[PDB]
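Structure file input-v1.pdb (PDB, C-alpha atoms) is printed below.
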```pdb
MODEL        1
ATOM      1  CA  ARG U   1      14.577  -5.506  29.301
ATOM      2  CA  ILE U   2      14.215  -3.276  26.124
ATOM      3  CA  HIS U   3      13.219  -4.711  22.800
ATOM      4  CA  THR U   4      12.483  -2.711  19.572
ATOM      5  CA  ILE U   5      10.789  -2.699  16.191
ATOM      6  CA  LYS U   6      12.017  -0.154  13.575
ATOM      7  CA  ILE U   7       9.461   1.100  11.008
ATOM      8  CA  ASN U   8       9.331   4.035   8.548
ATOM      9  CA  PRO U   9       8.826   7.620  10.119
ATOM     10  CA  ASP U  10       5.410   8.095   8.444
ATOM     11  CA  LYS U  11       4.161   4.907  10.185
ATOM     12  CA  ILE U  12       4.952   6.447  13.637
ATOM     13  CA  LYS U  13       1.773   8.484  13.014
ATOM     14  CA  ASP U  14      -0.302   5.203  12.763
ATOM     15  CA  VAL U  15       1.262   4.125  16.067
ATOM     16  CA  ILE U  16       0.701   7.579  17.908
ATOM     17  CA  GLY U  17      -2.932   7.659  16.637
ATOM     18  CA  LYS U  18      -4.589  11.073  17.397
ATOM     19  CA  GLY U  19      -2.216  12.586  20.055
ATOM     20  CA  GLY U  20      -1.413   9.349  21.861
ATOM     21  CA  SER U  21      -4.842   7.672  21.444
ATOM     22  CA  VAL U  22      -3.430   4.399  20.062
ATOM     23  CA  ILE U  23      -0.437   4.531  22.467
ATOM     24  CA  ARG U  24      -2.813   4.227  25.476
ATOM     25  CA  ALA U  25      -4.567   1.267  23.883
ATOM     26  CA  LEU U  26      -1.305  -0.474  22.829
ATOM     27  CA  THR U  27      -0.075   0.069  26.424
ATOM     28  CA  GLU U  28      -3.378  -1.436  27.780
ATOM     29  CA  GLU U  29      -3.325  -4.436  25.338
ATOM     30  CA  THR U  30       0.263  -5.483  25.585
ATOM     31  CA  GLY U  31       1.129  -4.258  29.110
ATOM     32  CA  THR U  32       4.342  -2.789  27.941
ATOM     33  CA  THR U  33       5.867   0.698  28.145
ATOM     34  CA  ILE U  34       6.411   2.274  24.739
ATOM     35  CA  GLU U  35       9.151   4.769  24.101
ATOM     36  CA  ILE U  36       9.775   6.087  20.656
ATOM     37  CA  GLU U  37      13.140   7.256  19.258
ATOM     38  CA  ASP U  38      14.280   8.870  15.964
ATOM     39  CA  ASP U  39      14.591   7.402  12.381
ATOM     40  CA  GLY U  40      11.216   5.563  13.045
ATOM     41  CA  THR U  41      12.387   3.359  15.935
ATOM     42  CA  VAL U  42       9.905   2.098  18.652
ATOM     43  CA  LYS U  43      11.589   0.691  21.886
ATOM     44  CA  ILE U  44       9.331  -1.538  23.961
ATOM     45  CA  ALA U  45      10.061  -2.020  27.616
ATOM     46  CA  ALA U  46       8.813  -5.114  29.507
ATOM     47  CA  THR U  47      10.108  -7.458  32.234
ATOM     48  CA  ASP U  48       9.193 -10.727  30.219
ATOM     49  CA  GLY U  49      10.360 -11.222  26.514
ATOM     50  CA  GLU U  50       6.963 -12.749  25.617
ATOM     51  CA  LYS U  51       5.101  -9.435  26.219
ATOM     52  CA  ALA U  52       7.528  -7.335  24.195
ATOM     53  CA  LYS U  53       7.404 -10.059  21.543
ATOM     54  CA  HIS U  54       3.640  -9.660  21.316
ATOM     55  CA  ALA U  55       3.891  -5.914  21.319
ATOM     56  CA  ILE U  56       6.347  -6.198  18.394
ATOM     57  CA  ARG U  57       3.705  -8.345  16.441
ATOM     58  CA  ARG U  58       0.873  -6.016  17.366
ATOM     59  CA  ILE U  59       2.741  -2.945  15.972
ATOM     60  CA  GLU U  60       3.481  -4.966  12.745
ATOM     61  CA  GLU U  61      -0.212  -5.792  12.575
ATOM     62  CA  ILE U  62      -1.295  -2.100  13.232
ATOM     63  CA  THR U  63       0.663  -0.976  10.098
ATOM     64  CA  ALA U  64      -0.615  -3.981   8.185
ATOM     65  CA  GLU U  65      -4.184  -2.714   8.561
ATOM     66  CA  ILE U  66      -5.614  -1.606   5.161
ATOM     67  CA  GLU U  67      -6.891   1.963   5.494
ATOM     68  CA  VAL U  68      -8.522   4.309   2.883
ATOM     69  CA  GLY U  69      -6.606   6.928   0.864
ATOM     70  CA  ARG U  70      -3.434   4.879   1.392
ATOM     71  CA  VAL U  71      -0.875   4.325  -1.430
ATOM     72  CA  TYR U  72       0.968   1.063  -1.663
ATOM     73  CA  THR U  73       3.056  -1.144  -4.017
ATOM     74  CA  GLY U  74       1.190  -3.985  -5.507
ATOM     75  CA  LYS U  75       1.354  -6.673  -8.182
ATOM     76  CA  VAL U  76      -1.126  -7.677 -10.968
ATOM     77  CA  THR U  77      -2.468 -11.229 -10.691
ATOM     78  CA  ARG U  78      -5.680 -11.408 -12.837
ATOM     79  CA  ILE U  79      -7.155  -9.191 -15.598
ATOM     80  CA  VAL U  80     -10.888  -9.368 -16.303
ATOM     81  CA  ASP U  81     -13.232  -7.455 -18.690
ATOM     82  CA  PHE U  82     -13.975  -4.741 -16.029
ATOM     83  CA  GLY U  83     -10.734  -4.484 -14.028
ATOM     84  CA  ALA U  84      -7.560  -6.061 -12.826
ATOM     85  CA  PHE U  85      -6.753  -7.861  -9.529
ATOM     86  CA  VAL U  86      -3.773  -6.361  -7.664
ATOM     87  CA  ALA U  87      -2.264  -8.150  -4.662
ATOM     88  CA  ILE U  88      -0.853  -6.432  -1.682
ATOM     89  CA  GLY U  89       0.770  -7.780   1.492
ATOM     90  CA  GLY U  90      -0.608 -10.997   3.204
ATOM     91  CA  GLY U  91      -2.341 -12.078   0.070
ATOM     92  CA  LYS U  92      -4.837  -9.224  -0.255
ATOM     93  CA  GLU U  93      -6.168  -9.084  -3.884
ATOM     94  CA  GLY U  94      -7.995  -5.681  -4.389
ATOM     95  CA  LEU U  95      -9.814  -4.898  -7.655
ATOM     96  CA  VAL U  96      -8.491  -1.992  -9.801
ATOM     97  CA  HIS U  97     -11.478  -1.012 -12.004
ATOM     98  CA  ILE U  98     -11.138  -0.383 -15.797
ATOM     99  CA  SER U  99     -11.630   3.320 -15.265
ATOM    100  CA  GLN U 100      -8.715   3.459 -12.684
ATOM    101  CA  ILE U 101      -5.909   2.376 -14.981
ATOM    102  CA  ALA U 102      -5.118   5.696 -16.935
ATOM    103  CA  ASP U 103      -6.292   9.197 -18.007
ATOM    104  CA  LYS U 104      -7.172   7.769 -21.389
ATOM    105  CA  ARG U 105     -10.344   5.729 -21.989
ATOM    106  CA  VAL U 106      -9.940   1.937 -21.722
ATOM    107  CA  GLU U 107     -11.583  -0.680 -23.947
ATOM    108  CA  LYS U 108      -9.676  -3.601 -22.302
ATOM    109  CA  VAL U 109      -7.329  -3.680 -19.288
ATOM    110  CA  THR U 110      -5.349  -6.511 -20.975
ATOM    111  CA  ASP U 111      -3.748  -3.776 -23.320
ATOM    112  CA  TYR U 112      -2.445  -1.898 -20.267
ATOM    113  CA  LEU U 113      -1.672  -4.767 -17.761
ATOM    114  CA  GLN U 114      -0.125  -8.322 -17.958
ATOM    115  CA  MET U 115       0.316 -10.683 -14.986
ATOM    116  CA  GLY U 116       3.421 -10.549 -12.816
ATOM    117  CA  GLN U 117       3.955  -6.815 -13.108
ATOM    118  CA  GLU U 118       4.506  -4.408 -10.172
ATOM    119  CA  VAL U 119       2.085  -1.473 -10.012
ATOM    120  CA  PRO U 120       1.675   1.400  -7.471
ATOM    121  CA  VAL U 121      -1.922   1.410  -5.905
ATOM    122  CA  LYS U 122      -4.080   3.621  -3.739
ATOM    123  CA  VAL U 123      -7.008   2.297  -1.685
ATOM    124  CA  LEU U 124     -10.525   3.601  -2.450
ATOM    125  CA  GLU U 125     -12.992   1.431  -0.520
ATOM    126  CA  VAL U 126     -12.776  -1.470   1.891
ATOM    127  CA  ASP U 127     -15.856  -3.654   2.571
ATOM    128  CA  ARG U 128     -16.867  -5.237   5.947
ATOM    129  CA  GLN U 129     -16.571  -8.734   4.406
ATOM    130  CA  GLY U 130     -12.876  -7.933   3.298
ATOM    131  CA  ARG U 131     -13.194  -6.976  -0.482
ATOM    132  CA  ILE U 132     -11.144  -4.049  -1.844
ATOM    133  CA  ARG U 133     -11.317  -1.539  -4.682
ATOM    134  CA  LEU U 134      -8.011  -0.079  -5.662
ATOM    135  CA  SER U 135      -6.687   2.614  -8.011
ATOM    136  CA  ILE U 136      -3.494   2.706 -10.049
ATOM    137  CA  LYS U 137      -4.250   6.010 -11.801
ATOM    138  CA  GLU U 138      -4.109   8.297  -8.689
ATOM    139  CA  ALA U 139      -1.052   6.378  -7.453
ATOM    140  CA  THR U 140       0.971   6.849 -10.708
ATOM    141  CA  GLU U 141       2.206  10.372  -9.725
ATOM    142  CA  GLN U 142       3.530  11.633 -13.089
TER     143      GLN U 142
ENDMDL
END
```
As structure tokens, what does this structure read like?
Amino acid sequence: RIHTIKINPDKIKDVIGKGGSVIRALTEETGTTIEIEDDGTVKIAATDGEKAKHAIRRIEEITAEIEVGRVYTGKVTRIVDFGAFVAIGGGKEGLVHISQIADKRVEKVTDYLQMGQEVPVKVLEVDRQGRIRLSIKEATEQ
């Protein structure tokens, strides 16, 4: 049968890879046949539900990968002397530094951020252990 996942049209580029590079690997991993159709729809053809089911998870996981230069919507959990902690999907708390809040100079981040508040964030660095440095100031887009 045919199963599908529907995702935003910019995220089709994460799924194609470089000119079908990912597609080959996602075909090899899952064992499914992947057809793509407009408005960001990916149709996944298999003969057992369990394989398309896994392929549907594996696409969700491939666009849940944190990659550099990427802008996201995040939420302030903890504000320290040198930065604030901003959570993104799956419980990922990256560190926005004190110099990555605004164009103005910052003496304390606590003047600019409170807990519970939604902020837009761009990734800078991701460490091999799993630590993240984020930026609000290049994601603000005024």
| request: Carefully work through the PyMOL selection byres ((chain U and resi 37) around 12) for this structure and note down the residues it includes, as a ChimeraX atom specification. | output: /U:4-9,12,34-36,38-44
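Going from atom CA of residue U:121 over to atom CA of residue U:140, you cover 7.8 Å.
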| task | Using only C-alpha atoms, pick whichever of U:71, U:64, U:2, U:15 has the shortest atom-to-atom distance to residue U:48. | result | U:2
Go through stretch 16-87 of chain U and flag each residue having an atom no more than 8 Å from stretch 111-114 of chain U; for those, report the closest pair of atoms plus their distance in Å to one decimal, using all atoms listed in the file, ordered by chain and rising number, as JSON lines.
```
{"residue": "U:76", "atom": "CA", "partner": "U:114", "partner_atom": "CA", "distance": 7.1}
{"residue": "U:79", "atom": "CA", "partner": "U:113", "partner_atom": "CA", "distance": 7.4}
{"residue": "U:84", "atom": "CA", "partner": "U:113", "partner_atom": "CA", "distance": 7.8}
```
Name the residues that the PyMOL selection byres ((chain U and resi 65) around 12) picks from the file above, as a CSV table (one decimal) with C-alpha atoms, keeping the file's coordinate frame, using the file's chain letters and numbers.
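Here's the written file selection-v4.csv:
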```csv
chain,number,residue,atom,x,y,z
U,11,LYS,CA,4.2,4.9,10.2
U,14,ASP,CA,-0.3,5.2,12.8
U,15,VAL,CA,1.3,4.1,16.1
U,58,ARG,CA,0.9,-6.0,17.4
U,59,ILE,CA,2.7,-2.9,16.0
U,60,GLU,CA,3.5,-5.0,12.7
U,61,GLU,CA,-0.2,-5.8,12.6
U,62,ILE,CA,-1.3,-2.1,13.2
U,63,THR,CA,0.7,-1.0,10.1
U,64,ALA,CA,-0.6,-4.0,8.2
U,66,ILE,CA,-5.6,-1.6,5.2
U,67,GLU,CA,-6.9,2.0,5.5
U,68,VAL,CA,-8.5,4.3,2.9
U,70,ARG,CA,-3.4,4.9,1.4
U,88,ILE,CA,-0.9,-6.4,-1.7
U,89,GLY,CA,0.8,-7.8,1.5
U,90,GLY,CA,-0.6,-11.0,3.2
U,92,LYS,CA,-4.8,-9.2,-0.3
U,123,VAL,CA,-7.0,2.3,-1.7
U,126,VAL,CA,-12.8,-1.5,1.9
U,130,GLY,CA,-12.9,-7.9,3.3
```
Neighbours of residue U:100 within 10 Å (only C-alpha atoms; same-chain residues fewer than 3 positions away dropped), as a PDB file with C-alpha atoms, keeping the file's coordinate frame?
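Output saved as out.pdb:
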```pdb
ATOM      1  CA  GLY U  83     -10.734  -4.484 -14.028  1.00  0.00           C
ATOM      2  CA  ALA U  84      -7.560  -6.061 -12.826  1.00  0.00           C
ATOM      3  CA  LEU U  95      -9.814  -4.898  -7.655  1.00  0.00           C
ATOM      4  CA  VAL U  96      -8.491  -1.992  -9.801  1.00  0.00           C
ATOM      5  CA  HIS U  97     -11.478  -1.012 -12.004  1.00  0.00           C
ATOM      6  CA  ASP U 103      -6.292   9.197 -18.007  1.00  0.00           C
ATOM      7  CA  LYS U 104      -7.172   7.769 -21.389  1.00  0.00           C
ATOM      8  CA  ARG U 105     -10.344   5.729 -21.989  1.00  0.00           C
ATOM      9  CA  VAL U 106      -9.940   1.937 -21.722  1.00  0.00           C
ATOM     10  CA  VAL U 109      -7.329  -3.680 -19.288  1.00  0.00           C
ATOM     11  CA  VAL U 121      -1.922   1.410  -5.905  1.00  0.00           C
ATOM     12  CA  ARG U 133     -11.317  -1.539  -4.682  1.00  0.00           C
ATOM     13  CA  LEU U 134      -8.011  -0.079  -5.662  1.00  0.00           C
ATOM     14  CA  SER U 135      -6.687   2.614  -8.011  1.00  0.00           C
ATOM     15  CA  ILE U 136      -3.494   2.706 -10.049  1.00  0.00           C
ATOM     16  CA  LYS U 137      -4.250   6.010 -11.801  1.00  0.00           C
ATOM     17  CA  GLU U 138      -4.109   8.297  -8.689  1.00  0.00           C
ATOM     18  CA  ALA U 139      -1.052   6.378  -7.453  1.00  0.00           C
TER      19      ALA U 139
END
```
| note | With distances taken over only C-alpha atoms, the candidate from U:86, U:102, U:128, U:75 nearest residue U:142 is U:102
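Interatomic distance, atom CA of residue U:77 to atom CA of residue U:101: 14.7 Å.
Considering only C-alpha atoms, the residue among U:27, U:120, U:3, U:141 positioned nearest to residue U:47 is U:3.
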| request: Using all atoms listed in the file, determine which residues lie at most 12 Å from residue U:31, disregarding the query and same-chain residues fewer than 5 positions distant; provide the list as JSON, numbers by chain. | output: {"U": [23, 24, 25, 26, 44, 45, 46, 47, 48, 49, 50, 51, 52, 53, 54, 55, 58]}
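Put simply, atom CA of residue U:115 is 10.9 Å away from atom CA of residue U:87.
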| task | Name the residues that the PyMOL selection byres ((chain U and resi 118) around 6) picks from the file above, as JSON, numbers by chain, using the file's chain letters and numbers. | result | {"U": [74, 75, 117, 119]}
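Nearest residue to residue U:81, choosing from U:56, U:17, U:107, U:69 and counting only C-alpha atoms: U:107.
Remark: for residue U:116, the closest of the candidate residues U:99, U:85, U:131, U:16 is U:85 (distances computed over only C-alpha atoms).
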| Which residue of U:82, U:72, U:57, U:32 approaches residue U:122 most closely, using all atoms listed in the file | U:72
